[PDB]
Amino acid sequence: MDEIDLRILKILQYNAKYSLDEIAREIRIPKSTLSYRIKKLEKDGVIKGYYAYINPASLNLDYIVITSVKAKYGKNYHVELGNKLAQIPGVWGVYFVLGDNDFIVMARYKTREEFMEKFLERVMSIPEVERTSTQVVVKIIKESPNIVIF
């Protein structure tokens, strides 16, 4: 990658539907060269895909949680427990962390009941779990994980 690739990525992280002509006009480079650079970024794994940003509210995902998990330590518990947490419907983020907790889990549900049934009731039966503490999100001030270049 170089300076040009970064300028292209800075645009694509926000609008993957911007036309080649418009991008070429903005960054000032041939459209053929632009297409070549983009294909190379995809081929090299820099661009792993293109997603539609869907408004969680439209799907009534109003029960947003950030759960901290304390594990029962054992050989390779981070991979085993991490994978069990990752396969729970509604869970989009699972992080192995340093601190008083071992994992931070990000999840979304429509209601308190769905959250209890799909998440809480599943987690309580996982053997590698010592206990968890769920922080309910009252307000999402910002959630733009797509922005990697500021």
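All residue numbers are counted from 1 along the displayed sequence.
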Out of 55 to 63 and 88 to 96, which one has CA B-factors that are higher on average in the deposited record?
55 to 63
Would you determine, from the values in the PDB entry, which of 116 to 124 and 38 to 46 has the greater average C-alpha temperature factor?
38 to 46
Hey, out of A16, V136, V129, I140, whose CA B-factor is highest in the deposited coordinates?
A16
Going by the entry, which third of its chain does the Cα temperature factor of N101 land in?
lowest
Compare the C-alpha B factor of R108 with those of the other modelled residues in its chain, then answer lowest, middle or highest third.
lowest
Ordered by C-alpha B-factor within the chain, which third holds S68? Give me lowest, middle or highest, please.
lowest
